[PDB]
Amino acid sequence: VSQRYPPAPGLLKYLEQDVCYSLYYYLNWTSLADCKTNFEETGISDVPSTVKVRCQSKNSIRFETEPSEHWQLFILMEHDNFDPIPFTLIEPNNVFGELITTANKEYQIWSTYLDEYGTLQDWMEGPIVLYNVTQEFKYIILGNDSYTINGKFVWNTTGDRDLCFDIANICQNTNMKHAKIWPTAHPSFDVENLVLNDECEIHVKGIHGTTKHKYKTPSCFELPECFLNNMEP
């Protein structure tokens, strides 16, 4: 049978700075002192958590929640409970969140709704924690005094539904761009500030691992609006 890992206030007590800052700088309080976030005064309800684990890498977990008007706090709970507790704060209306993992350990997710002042309502019990993509791409040239290239990238997905992604892109004459794709029906990655005849490369990290994908940006004669709005050898 599986185990369960209840919240530890004696340790959770130390996330108050984080929680109070993340709300102090967001809600813009007169001071920080008016943060009445107390982990030792918070209880535990019979209510099971509505959280759902959508993805997990061996160094992280990405989950979805129901859209809430209030802030949401999430923590990962272990048995030993010695190290600082992994946690994440989901901003209201937003529904996707991520929690980082340290070493191969079982954790249990616990969720909370935060008050305006940062009052924690009782914890809700969550769930327990424990071959090559092929990419197509399209480009569009745009005119504004000079000209600029925007490039959109897409790739096929496996049969499974639960898939998140991590994207990295670089070109010989454009500064690096990186992104993290939450689970969607069909992933897509936009790129900007590209140029003509540039030898680029893009890495796509997914459930099936890393896919390194070299690609070259098209020439002017390949882009009709470029060729037409320029001299034509």
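A residue's number is simply how far along the shown sequence it sits, counting from 1.
Missing deposited residues between residue 130 and residue 131: 10 or more, all without coordinates in the entry.
Taking the mean C-alpha B-factor of each stretch as recorded, 47-55 and 23-31 are not equal, and the higher mean is that of 23-31.
Checked against the record, the higher mean CA B factor of 195-203 and 171-179 lies with 171-179. Residues shown: 98, 125, 136, 80. Highest C-alpha temperature factor in the entry: 136. Sorting 184, 37, 42, 68 by the CA temperature factor given in the entry leaves 184 at the top. In the PDB entry, residue 140 places in the middle third of its chain by CA B-factor. Among all modelled residues in its chain, residue 163 ranks in the highest third by Cα B-factor. In the PDB entry, residue 224 places in the highest third of its chain by CA B-factor. The PDB entry assigns residue 103 a C-alpha temperature factor belonging to the highest third of its chain's modelled residues.
Per-chain ranking of the deposited C-alpha B factor places residue 209 in the highest third.
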